[PDB]
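Accompanying notes for the structure given below.
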Amino acid sequence: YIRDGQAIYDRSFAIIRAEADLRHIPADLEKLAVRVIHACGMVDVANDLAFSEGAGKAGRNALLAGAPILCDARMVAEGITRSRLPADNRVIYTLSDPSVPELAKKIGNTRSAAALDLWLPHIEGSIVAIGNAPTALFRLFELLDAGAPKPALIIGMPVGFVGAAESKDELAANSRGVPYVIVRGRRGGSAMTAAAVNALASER
Amino acid sequence: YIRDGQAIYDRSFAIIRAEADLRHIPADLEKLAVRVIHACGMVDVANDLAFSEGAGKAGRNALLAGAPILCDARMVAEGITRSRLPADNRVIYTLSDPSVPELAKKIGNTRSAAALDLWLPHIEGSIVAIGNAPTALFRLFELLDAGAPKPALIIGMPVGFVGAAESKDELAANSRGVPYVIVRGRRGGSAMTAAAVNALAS
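So the sequence lines, in the order shown, correspond to chains B and A. With positions in the first sequence counted from 1, the corresponding number in the authors' numbering is that position plus 3. With positions in the second sequence counted from 1, the corresponding number in the authors' numbering is that position plus 3.
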């Protein structure tokens, strides 16, 4: 077997490019697509990628500008490669704030959803990275409808069986004037979500 | 949309059980299968589950008995829910040891693989959780063949396009006397692996 970490790295990306149908992926999203596929082992995930026009450059440009990355889940945050960040970009995660549980109760939502209230000082021009909680995406919709400042990009890749597919479809159908990238259906998660951020963070 | 955490949690598992064909999944492994599905959102991942008979019981009992869990990747290690652990089980992750880059050059492997040398004092009766690096799994075979103490269970779920599929198939074909659970193919990753451990812990 290949015992060289760099060799292994380089090879997988090649094999992905050889095998994946990337015809409908614009240039500004080609690295993102390859990287998300890399994360999950499924070339057919590209079939399920959906996005706004220029969503890739929206994200790349924002990160260059020093935009923060707001993360719905600890594992998303943890998965972002700090060394790849072009501008000392803050990775923000609020779910573990002590005020969150009481919030959740008062606003009648999940803890994941309630945490977004703490994003507000940071949300303008941000990268929103949602890998785990449909209810965070759903809430976000409410905050935007209500006049919240707009992120530069929303990465909506929550995984699972309750609300996940639905939340992503809604984002695509009405993204409130915000650039978006999703993986349609039940697939997604922290690794794929981190991968997307990582792709847009560096030229590689 | 559903606004209650517990309800969301409960509902997903209900759907999974409803949709998944877990007929050929033994009792001792059902929760693991269901939790791996939950982690990845693919009912058909059950299609690719492989194991040694009784692997689920092997793992559960080890953890009950205070076995450590040895992880190839940071995210696998972080993915483990400590509160679920039944016996103050240690989660061992050695990749960040300062000695590792030198060890890698010295054995002429990857860093993820070199880190395994560090596992040796802890490997006996352990839960091995490999979720990222197939070179780790490959290296593990070398260590076993050289007569390392045997884990209680190897969970082999590395992801990717280079060696992942091969490394997992080798484990199934020759686990060196050690119980195993794998996800065949290119699929896997930290979330699935952590899910497997979490299932067995509680």
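Where a beta carbon is used, it is the ideal one built from N, C-alpha and C, also for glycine.
Residue i at chain B interface by Cβ criterion, 8 Å
i	result
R190(A)	yes
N50(A)	no
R6(A)	yes
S193(A)	yes
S15(A)	yes
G62(A)	no
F144(A)	no
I28(A)	no
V162(A)	yes
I11(A)	yes
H125(A)	no
Collapsed DSSP secondary structure at residue i in the structure displayed
i	result
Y183(A)	strand
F54(B)	strand
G59(A)	helix
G8(B)	helix
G163(A)	coil
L73(A)	strand
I83(A)	coil
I126(A)	coil
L156(B)	strand
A151(B)	coil
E173(A)	helix
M45(A)	coil
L88(A)	coil
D13(A)	helix
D100(A)	coil
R38(A)	helix
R20(B)	helix
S178(B)	coil
Bounding residues of the alpha helix (DSSP H) (the contiguous stretch that carries residue i)
i	result
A107(B)	103 to 110
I28(B)	Counting along the chain, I28(B) falls outside any alpha helix (DSSP H), and DSSP gives it neither H nor E.
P137(B)	137 to 148
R114(B)	114 to 117
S205(A)	That residue, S205(A), is in no alpha helix (DSSP H); it is neither H nor E in DSSP.
Any C-beta of chain C under 8 Å from that of residue i
i	result
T113(B)	No chain C is present in this structure, whose protein chains are B and A.
Close beta carbons around residue i, own chain, < 7 Å, minus the five adjacent residues each side
i	result
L67(B)	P89, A90
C43(A)	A194, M195
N92(A)	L66, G69, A70, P71, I72
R190(A)	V48, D51, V162
Extent of the continuous beta strand (DSSP E) to which residue i belongs
i	result
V131(B)	130 to 133
Within-8 Å CB hit, residue i to chain A
i	result
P137(B)	yes
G82(B)	yes
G159(B)	no
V165(B)	yes
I18(B)	yes
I130(B)	no
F141(B)	yes
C74(B)	no
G44(B)	yes
One or two residues paired with residue i in a DSSP bridge
i	result
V94(B)	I72(B)
Same chain, Cβ closer than 6 Å to residue i, five either side skipped, listed in chain order
i	result
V131(A)	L73, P154, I157
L147(B)	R179
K60(A)	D31
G166(A)	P137
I133(A)	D75, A139, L140, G159, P161
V94(A)	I72, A80, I83
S205(A)	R87
Beta-carbon contacts of residue i that lie in its chain and below 8 Å, excluding the five residues immediately before and after
i	result
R38(A)	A198, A199, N201, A202
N112(A)	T138, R142
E56(A)	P29
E169(B)	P137
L123(B)	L146, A151, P152
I19(A)	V37, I40, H41, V46
Residue i Cβ short of 7 Å to the ligand HEM heavy atom set
i	result
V103(A)	Inclusion of the ligand HEM in the displayed structure is not the case, the ligand content being empty and no account of it being possible.
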